[PDB]
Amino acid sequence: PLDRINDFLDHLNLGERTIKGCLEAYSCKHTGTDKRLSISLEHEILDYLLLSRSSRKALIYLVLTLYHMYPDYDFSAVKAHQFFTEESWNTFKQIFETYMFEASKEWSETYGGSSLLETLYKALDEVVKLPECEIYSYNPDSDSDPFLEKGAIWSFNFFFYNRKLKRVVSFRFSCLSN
């Protein structure tokens, strides 16, 4: 399902610049390492007392997904509470049509049928119920954060979270010069 998109955006070259895209699906666990991590994270963020309180829950799982992508990095519930921002589908749509327009044009010239945004909407909707989702963007400070590659022209990290399903899908896409 996700594989067609990830293959399309697996180092997609547009002559001089390259677009990188990665979709990942995650089912949140409440057993084993993640349970202990969740306890530690919620203790860090409660002891510390930009997301609001209505996303205080999602924050935990968000950091968990971060650990699943880079398990050797010292992520923090406080700085992640700072770096995560809840977004709307409309904002993500505008970002996608503005930044991934060349990729959507190359998609339409290669596949007759659904556009790239349509296919993305269908895959995201299959994994997490998009009308019921909460959307987040991860925007860290330093280049040391593994979600910010030094030298990239632009980089986006989106997370689609479903509370009733306890599921998170990560969409990463950046552009690089050669």
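Throughout, we count residues from 1 along the sequence that is shown.
In the deposited entry, the stretch joining residue 49 to residue 50 is interrupted by 10 or more residues of the deposited sequence lacking coordinates. Higher mean CA temperature factor between 107-115 and 121-129: 107-115, per the PDB entry. The stretch with the higher mean CA B factor, choosing between 141-149 and 57-65, is 141-149. Sort the chain's modelled residues by C-alpha temperature factor and residue 162 lands in the middle third, per the entry.
Per-chain ranking of the deposited C-alpha B factor places residue 6 in the middle third. Ranked by C-alpha B-factor against the other modelled residues of its chain, residue 134 falls in the lowest third. In this PDB entry, the Cα temperature factor of residue 90 sits in the middle third of its chain's modelled residues. In this PDB entry, the Cα temperature factor of residue 23 sits in the bottom third of its chain's modelled residues, the lowest group.
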